[PDB]
>>> print(open('target24.pdb').read())   # PDB, C-alpha atoms
ATOM      1  CA  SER A   1      61.747 126.466  -1.581  1.00  0.00           C
ATOM      2  CA  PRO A   2      60.131 129.900  -2.230  1.00  0.00           C
ATOM      3  CA  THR A   3      58.778 129.710   1.322  1.00  0.00           C
ATOM      4  CA  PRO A   4      58.319 126.141   2.704  1.00  0.00           C
ATOM      5  CA  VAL A   5      61.315 126.031   5.051  1.00  0.00           C
ATOM      6  CA  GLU A   6      63.524 122.949   5.300  1.00  0.00           C
ATOM      7  CA  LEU A   7      64.719 121.336   8.527  1.00  0.00           C
ATOM      8  CA  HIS A   8      68.485 121.293   8.991  1.00  0.00           C
ATOM      9  CA  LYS A   9      70.477 120.057  11.990  1.00  0.00           C
ATOM     10  CA  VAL A  10      72.934 122.607  13.367  1.00  0.00           C
ATOM     11  CA  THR A  11      75.595 122.549  16.072  1.00  0.00           C
ATOM     12  CA  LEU A  12      77.699 125.379  17.506  1.00  0.00           C
ATOM     13  CA  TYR A  13      80.187 126.250  20.245  1.00  0.00           C
ATOM     14  CA  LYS A  14      79.951 129.124  22.728  1.00  0.00           C
ATOM     15  CA  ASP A  15      82.744 130.938  24.557  1.00  0.00           C
ATOM     16  CA  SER A  16      83.002 131.565  28.299  1.00  0.00           C
ATOM     17  CA  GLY A  17      81.895 135.190  28.172  1.00  0.00           C
ATOM     18  CA  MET A  18      79.875 135.465  24.958  1.00  0.00           C
ATOM     19  CA  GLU A  19      76.394 137.007  24.920  1.00  0.00           C
ATOM     20  CA  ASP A  20      75.212 134.845  22.017  1.00  0.00           C
ATOM     21  CA  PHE A  21      76.103 131.828  19.876  1.00  0.00           C
ATOM     22  CA  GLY A  22      76.823 133.969  16.824  1.00  0.00           C
ATOM     23  CA  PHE A  23      73.357 135.036  15.686  1.00  0.00           C
ATOM     24  CA  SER A  24      70.364 136.979  16.998  1.00  0.00           C
ATOM     25  CA  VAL A  25      66.771 135.783  16.643  1.00  0.00           C
ATOM     26  CA  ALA A  26      63.385 137.448  16.166  1.00  0.00           C
ATOM     27  CA  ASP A  27      59.945 136.588  17.530  1.00  0.00           C
ATOM     28  CA  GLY A  28      57.735 135.271  14.751  1.00  0.00           C
ATOM     29  CA  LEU A  29      54.638 137.351  15.360  1.00  0.00           C
ATOM     30  CA  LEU A  30      53.204 136.352  11.982  1.00  0.00           C
ATOM     31  CA  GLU A  31      52.250 133.092  13.667  1.00  0.00           C
ATOM     32  CA  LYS A  32      54.313 131.750  16.586  1.00  0.00           C
ATOM     33  CA  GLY A  33      57.991 131.042  17.226  1.00  0.00           C
ATOM     34  CA  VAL A  34      61.363 132.672  16.578  1.00  0.00           C
ATOM     35  CA  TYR A  35      63.866 132.886  13.709  1.00  0.00           C
ATOM     36  CA  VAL A  36      67.458 134.066  13.324  1.00  0.00           C
ATOM     37  CA  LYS A  37      67.476 137.769  12.476  1.00  0.00           C
ATOM     38  CA  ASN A  38      71.205 137.918  11.790  1.00  0.00           C
ATOM     39  CA  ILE A  39      74.306 135.730  12.023  1.00  0.00           C
ATOM     40  CA  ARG A  40      77.928 136.779  12.554  1.00  0.00           C
ATOM     41  CA  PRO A  41      79.607 136.497   9.102  1.00  0.00           C
ATOM     42  CA  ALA A  42      82.322 133.854   9.551  1.00  0.00           C
ATOM     43  CA  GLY A  43      81.419 132.909  13.107  1.00  0.00           C
ATOM     44  CA  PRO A  44      80.097 129.901  15.088  1.00  0.00           C
ATOM     45  CA  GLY A  45      76.718 130.340  13.430  1.00  0.00           C
ATOM     46  CA  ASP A  46      78.271 130.523   9.969  1.00  0.00           C
ATOM     47  CA  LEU A  47      80.500 127.557  10.750  1.00  0.00           C
ATOM     48  CA  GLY A  48      77.526 125.514  11.909  1.00  0.00           C
ATOM     49  CA  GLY A  49      75.368 126.233   8.886  1.00  0.00           C
ATOM     50  CA  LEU A  50      72.705 128.542  10.316  1.00  0.00           C
ATOM     51  CA  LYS A  51      71.060 130.284   7.362  1.00  0.00           C
ATOM     52  CA  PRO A  52      68.819 133.403   7.627  1.00  0.00           C
ATOM     53  CA  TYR A  53      65.207 132.569   8.566  1.00  0.00           C
ATOM     54  CA  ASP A  54      66.393 129.328  10.192  1.00  0.00           C
ATOM     55  CA  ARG A  55      63.414 129.021  12.513  1.00  0.00           C
ATOM     56  CA  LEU A  56      64.843 127.094  15.464  1.00  0.00           C
ATOM     57  CA  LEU A  57      62.438 124.169  15.771  1.00  0.00           C
ATOM     58  CA  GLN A  58      64.033 121.917  18.396  1.00  0.00           C
ATOM     59  CA  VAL A  59      66.827 123.192  20.644  1.00  0.00           C
ATOM     60  CA  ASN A  60      69.023 120.560  22.308  1.00  0.00           C
ATOM     61  CA  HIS A  61      66.114 118.087  22.043  1.00  0.00           C
ATOM     62  CA  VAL A  62      63.731 120.695  23.482  1.00  0.00           C
ATOM     63  CA  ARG A  63      60.864 121.480  21.108  1.00  0.00           C
ATOM     64  CA  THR A  64      61.200 125.272  21.112  1.00  0.00           C
ATOM     65  CA  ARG A  65      59.162 125.607  17.918  1.00  0.00           C
ATOM     66  CA  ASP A  66      56.224 127.305  19.647  1.00  0.00           C
ATOM     67  CA  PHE A  67      58.610 129.209  21.927  1.00  0.00           C
ATOM     68  CA  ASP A  68      59.136 132.973  22.034  1.00  0.00           C
ATOM     69  CA  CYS A  69      62.225 135.161  21.645  1.00  0.00           C
ATOM     70  CA  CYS A  70      62.432 135.553  25.420  1.00  0.00           C
ATOM     71  CA  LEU A  71      62.604 131.750  25.605  1.00  0.00           C
ATOM     72  CA  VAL A  72      64.793 131.096  22.565  1.00  0.00           C
ATOM     73  CA  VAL A  73      67.322 133.783  23.477  1.00  0.00           C
ATOM     74  CA  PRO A  74      68.159 132.139  26.852  1.00  0.00           C
ATOM     75  CA  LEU A  75      67.821 128.595  25.518  1.00  0.00           C
ATOM     76  CA  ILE A  76      70.487 129.589  22.996  1.00  0.00           C
ATOM     77  CA  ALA A  77      72.895 131.079  25.533  1.00  0.00           C
ATOM     78  CA  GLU A  78      71.971 128.310  27.990  1.00  0.00           C
ATOM     79  CA  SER A  79      73.034 125.400  25.770  1.00  0.00           C
ATOM     80  CA  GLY A  80      76.465 125.736  27.348  1.00  0.00           C
ATOM     81  CA  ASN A  81      79.724 125.407  25.423  1.00  0.00           C
ATOM     82  CA  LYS A  82      77.728 123.976  22.500  1.00  0.00           C
ATOM     83  CA  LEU A  83      74.363 124.539  20.812  1.00  0.00           C
ATOM     84  CA  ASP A  84      72.818 121.554  19.046  1.00  0.00           C
ATOM     85  CA  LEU A  85      69.468 122.359  17.446  1.00  0.00           C
ATOM     86  CA  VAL A  86      67.222 121.650  14.468  1.00  0.00           C
ATOM     87  CA  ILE A  87      66.160 124.736  12.516  1.00  0.00           C
ATOM     88  CA  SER A  88      64.013 125.223   9.414  1.00  0.00           C
ATOM     89  CA  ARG A  89      64.810 127.627   6.568  1.00  0.00           C
ATOM     90  CA  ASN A  90      63.543 128.095   3.010  1.00  0.00           C
ATOM     91  CA  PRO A  91      66.158 126.918   0.445  1.00  0.00           C
TER
END
>>> encode(input="target24.pdb", output="structure tokens")
Amino acid sequence: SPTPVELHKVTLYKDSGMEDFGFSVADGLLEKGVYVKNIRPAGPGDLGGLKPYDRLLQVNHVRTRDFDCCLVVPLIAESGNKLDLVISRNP
């Protein structure tokens, strides 16, 4: 809990013209990967359940755990009208 993240399935919905799904991510340079840096309060991300630090593990079945921001950013906006992914955050 104090650190050991916890996997949590999340799903969202994008809009024809949005630049993101409702939350920006950051490249985890402390090891490898990317985690949500900020989510729109009361938005798709908040409605889905994305909690700060939610390190996107698998995006739409694609294991983007060892991916980078440049790969997670597009993968997020490339999911289409919906973003189904499995993230990990410390409770």
>>> resolve_selection(input="target24.pdb", expression="the PyMOL selection byres ((chain A and resi 66-83) around 9)", output="PDB file with C-alpha atoms, in the frame of the given file")
ATOM      1  CA  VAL A  10      72.934 122.607  13.367  1.00  0.00           C
ATOM      2  CA  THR A  11      75.595 122.549  16.072  1.00  0.00           C
ATOM      3  CA  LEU A  12      77.699 125.379  17.506  1.00  0.00           C
ATOM      4  CA  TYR A  13      80.187 126.250  20.245  1.00  0.00           C
ATOM      5  CA  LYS A  14      79.951 129.124  22.728  1.00  0.00           C
ATOM      6  CA  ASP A  15      82.744 130.938  24.557  1.00  0.00           C
ATOM      7  CA  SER A  16      83.002 131.565  28.299  1.00  0.00           C
ATOM      8  CA  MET A  18      79.875 135.465  24.958  1.00  0.00           C
ATOM      9  CA  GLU A  19      76.394 137.007  24.920  1.00  0.00           C
ATOM     10  CA  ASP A  20      75.212 134.845  22.017  1.00  0.00           C
ATOM     11  CA  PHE A  21      76.103 131.828  19.876  1.00  0.00           C
ATOM     12  CA  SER A  24      70.364 136.979  16.998  1.00  0.00           C
ATOM     13  CA  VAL A  25      66.771 135.783  16.643  1.00  0.00           C
ATOM     14  CA  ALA A  26      63.385 137.448  16.166  1.00  0.00           C
ATOM     15  CA  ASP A  27      59.945 136.588  17.530  1.00  0.00           C
ATOM     16  CA  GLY A  28      57.735 135.271  14.751  1.00  0.00           C
ATOM     17  CA  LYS A  32      54.313 131.750  16.586  1.00  0.00           C
ATOM     18  CA  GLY A  33      57.991 131.042  17.226  1.00  0.00           C
ATOM     19  CA  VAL A  34      61.363 132.672  16.578  1.00  0.00           C
ATOM     20  CA  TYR A  35      63.866 132.886  13.709  1.00  0.00           C
ATOM     21  CA  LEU A  56      64.843 127.094  15.464  1.00  0.00           C
ATOM     22  CA  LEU A  57      62.438 124.169  15.771  1.00  0.00           C
ATOM     23  CA  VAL A  59      66.827 123.192  20.644  1.00  0.00           C
ATOM     24  CA  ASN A  60      69.023 120.560  22.308  1.00  0.00           C
ATOM     25  CA  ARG A  63      60.864 121.480  21.108  1.00  0.00           C
ATOM     26  CA  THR A  64      61.200 125.272  21.112  1.00  0.00           C
ATOM     27  CA  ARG A  65      59.162 125.607  17.918  1.00  0.00           C
ATOM     28  CA  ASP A  84      72.818 121.554  19.046  1.00  0.00           C
ATOM     29  CA  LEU A  85      69.468 122.359  17.446  1.00  0.00           C
TER      30      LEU A  85
END
>>> atom_distance(input="target24.pdb", atom1="atom CA of residue 31 of chain A", atom2="atom CA of residue 54 of chain A")
15.0 Å
>>> atom_distance(input="target24.pdb", atom1="atom CA of residue 58 of chain A", atom2="atom CA of residue 42 of chain A")
23.6 Å
>>> closest_residue(input="target24.pdb", among="A:36, A:61, A:7, A:2", to="residue 89 of chain A", atoms="only C-alpha atoms")
A:7
>>> atom_distance(input="target24.pdb", atom1="atom CA of residue 46 of chain A", atom2="atom CA of residue 1 of chain A")
20.6 Å
>>> build_atoms(input="target24.pdb", residues="segment 27-38 of chain A", atoms="N, CA, C and O atoms", output="mmCIF file, in the coordinates of the input")
data_model
loop_
_atom_site.group_PDB
_atom_site.id
_atom_site.type_symbol
_atom_site.label_atom_id
_atom_site.label_comp_id
_atom_site.auth_asym_id
_atom_site.auth_seq_id
_atom_site.Cartn_x
_atom_site.Cartn_y
_atom_site.Cartn_z
ATOM 1 N N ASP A 27 61.214 137.235 17.220
ATOM 2 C CA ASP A 27 59.945 136.588 17.530
ATOM 3 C C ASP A 27 59.029 136.582 16.313
ATOM 4 O O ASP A 27 58.688 137.636 15.774
ATOM 5 N N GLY A 28 58.621 135.389 15.892
ATOM 6 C CA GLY A 28 57.735 135.271 14.751
ATOM 7 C C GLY A 28 56.314 135.618 15.126
ATOM 8 O O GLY A 28 55.548 134.753 15.546
ATOM 9 N N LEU A 29 55.971 136.891 15.001
ATOM 10 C CA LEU A 29 54.638 137.351 15.360
ATOM 11 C C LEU A 29 53.634 137.133 14.233
ATOM 12 O O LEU A 29 52.446 137.408 14.400
ATOM 13 N N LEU A 30 54.097 136.621 13.099
ATOM 14 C CA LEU A 30 53.204 136.352 11.982
ATOM 15 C C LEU A 30 52.422 135.075 12.257
ATOM 16 O O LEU A 30 51.428 134.777 11.593
ATOM 17 N N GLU A 31 52.883 134.334 13.260
ATOM 18 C CA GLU A 31 52.250 133.092 13.667
ATOM 19 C C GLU A 31 52.625 132.763 15.113
ATOM 20 O O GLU A 31 51.882 133.085 16.037
ATOM 21 N N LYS A 32 53.791 132.135 15.285
ATOM 22 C CA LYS A 32 54.313 131.750 16.586
ATOM 23 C C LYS A 32 55.711 131.150 16.438
ATOM 24 O O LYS A 32 55.940 130.307 15.572
ATOM 25 N N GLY A 33 56.641 131.574 17.291
ATOM 26 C CA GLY A 33 57.991 131.042 17.226
ATOM 27 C C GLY A 33 59.058 132.119 17.171
ATOM 28 O O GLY A 33 58.820 133.262 17.559
ATOM 29 N N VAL A 34 60.241 131.744 16.687
ATOM 30 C CA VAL A 34 61.363 132.672 16.578
ATOM 31 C C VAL A 34 62.331 132.227 15.485
ATOM 32 O O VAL A 34 62.547 131.031 15.287
ATOM 33 N N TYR A 35 62.918 133.190 14.779
ATOM 34 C CA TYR A 35 63.866 132.886 13.709
ATOM 35 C C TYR A 35 65.087 133.796 13.785
ATOM 36 O O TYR A 35 65.000 134.928 14.256
ATOM 37 N N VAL A 36 66.221 133.295 13.313
ATOM 38 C CA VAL A 36 67.458 134.066 13.324
ATOM 39 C C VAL A 36 67.314 135.342 12.503
ATOM 40 O O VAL A 36 66.979 135.298 11.320
ATOM 41 N N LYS A 37 67.573 136.477 13.141
ATOM 42 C CA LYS A 37 67.476 137.769 12.476
ATOM 43 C C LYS A 37 68.790 138.141 11.804
ATOM 44 O O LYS A 37 68.808 138.880 10.819
ATOM 45 N N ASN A 38 69.885 137.631 12.343
ATOM 46 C CA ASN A 38 71.205 137.918 11.790
ATOM 47 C C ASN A 38 72.281 137.033 12.409
ATOM 48 O O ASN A 38 72.268 136.766 13.611
#
